[PDB]
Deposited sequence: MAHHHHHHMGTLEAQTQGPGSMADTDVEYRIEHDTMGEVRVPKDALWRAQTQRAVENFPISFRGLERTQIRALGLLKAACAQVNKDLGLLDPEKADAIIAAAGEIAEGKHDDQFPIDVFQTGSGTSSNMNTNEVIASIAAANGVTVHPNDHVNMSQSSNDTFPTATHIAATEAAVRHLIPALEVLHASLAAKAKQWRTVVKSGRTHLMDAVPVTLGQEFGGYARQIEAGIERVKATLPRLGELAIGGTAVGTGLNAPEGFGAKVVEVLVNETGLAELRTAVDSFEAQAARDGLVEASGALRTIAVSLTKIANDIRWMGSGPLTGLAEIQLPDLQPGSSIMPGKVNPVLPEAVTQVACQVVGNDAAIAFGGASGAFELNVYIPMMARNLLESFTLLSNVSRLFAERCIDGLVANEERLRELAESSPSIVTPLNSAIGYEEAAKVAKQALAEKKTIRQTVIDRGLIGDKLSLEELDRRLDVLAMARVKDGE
């Protein structure tokens, strides 16, 4: 069942109970491509943004208080998520986000109409605005909130979890591995201290993007000039947004043309997430390798069991969380390539890849925030080390000859390693058999202590 609405292009049938109107409905028919629309956090940002602009228009005497207040209230319902099903437009819409901007304007208009107030989607709800500043503004608010409120806290949990293991396993000695081959000793704690640093550096990486990710185009209107917006509109809206969200990271664009002609801050932000994905692949890979076996692998640690491993092989349990982490990392990398391709494809006063860039960036924030916390809590926290096996692994490496270098030289040392392996004997035995002692017996032992070799801080 339908009603008639119109826009400047003509009449359109709209579902009778839909709060959207003509232009939203055209976009429904124009872009049935993915059948996925804006995310919760994007719809929220649009709501907050519309509320903020209405407030400033009210403050400056440009918009009737009754209309402003109903727009602010309607926008608030949208921001709170009462109307997400009134946002049916595909991600793959016109690249400025015009359609979703109008979708927000029209839904506000219909909510306000239901509360006794007549507001025009363009003339009132979109007063002093364009899609060309509002859609990227909403995108950067969403991205900034995602970075500050979701990803960074999630990474901090993961960091804490890894650092707790770095401390716990401080003196848990094991064989280092380089090139996958037997190396000199390290501690399990040292390795986890490395993983913790990768995550801490990741936090630094996301933070370093915030000064430019938090820039908002708001106020630049159609092409960056601010035509049809009053003086200092952008700064005024940003102040309301900072006041309402608590996100001090939000700010006016340094250059209002760069802020609309490009989405360079989104490409920058994705680069930090892609680096985090690179770090997480290494961390997760190492952990599932340490967990491998129980009998045909490394069996250095035990990961917590999360579910039955195999529909066919009874009793098997698999490192499912590292698998989720590594698959997420692939998605972030894919998403990152999509973001950059769109970023490079701007023209003159507007980059028209915003919805695709937003979808991909926001998804990477989400996947990384959610999988980092799960990895920390359902995997890292419950890892159990096989301490005795690990100490044997350390004492078995041939490369425990390495600290004898300064006393016998690299070349004689290598002769000890090749002879010890062909005999199935120890490094201590091959050197004492080689007649090298005389380098004392007491000195050979001190240098061959594996935990001393790891050089624990």
Should a student be asked to find the unmodelled regions, what ranges of the deposited sequence would be the right answer here?
1-27, 466-467, 487-489
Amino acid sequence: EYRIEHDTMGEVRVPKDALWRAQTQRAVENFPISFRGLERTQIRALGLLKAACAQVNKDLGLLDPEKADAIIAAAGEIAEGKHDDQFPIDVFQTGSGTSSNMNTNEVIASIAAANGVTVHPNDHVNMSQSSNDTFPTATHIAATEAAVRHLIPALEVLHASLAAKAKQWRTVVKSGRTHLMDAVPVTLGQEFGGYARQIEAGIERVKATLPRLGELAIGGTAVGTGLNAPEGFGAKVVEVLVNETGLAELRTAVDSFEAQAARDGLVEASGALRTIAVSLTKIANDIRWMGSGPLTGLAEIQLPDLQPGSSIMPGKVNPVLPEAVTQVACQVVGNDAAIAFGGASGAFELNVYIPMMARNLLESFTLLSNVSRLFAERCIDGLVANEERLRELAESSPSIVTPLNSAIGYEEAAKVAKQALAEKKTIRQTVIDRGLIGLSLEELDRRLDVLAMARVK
From here on, numbers count along this sequence of modelled residues.
Using only the Cα atoms and their B-factors as the entry lists them, report which of 442-450 and 18-26 averages higher.
442-450
Of 316-324 vs 332-340, the stretch with the larger average CA B-factor in the entry is 316-324
Of the residues 32, 37, 409, 47, the one carrying the largest Cα B-factor as recorded
409
Kindly indicate the residue among 82, 251, 197, 149 with the greatest C-alpha B-factor in the PDB record.
82
B-factor third for the C-alpha atom of residue 304 within its chain:
middle
Where does residue 386 sit by CA temperature factor within its chain: lowest, middle or highest third?
highest
Consider only the C-alpha atoms of the modelled residues in this chain, order them by B-factor as the entry records it, and name the third containing residue 231: lowest, middle or highest.
highest
Based on the entry's values, in what third of the chain does the Cα temperature factor of residue 187 lie: lowest, middle or highest?
middle
Among the chain's modelled residues, which third holds the C-alpha B-factor of residue 113?
highest
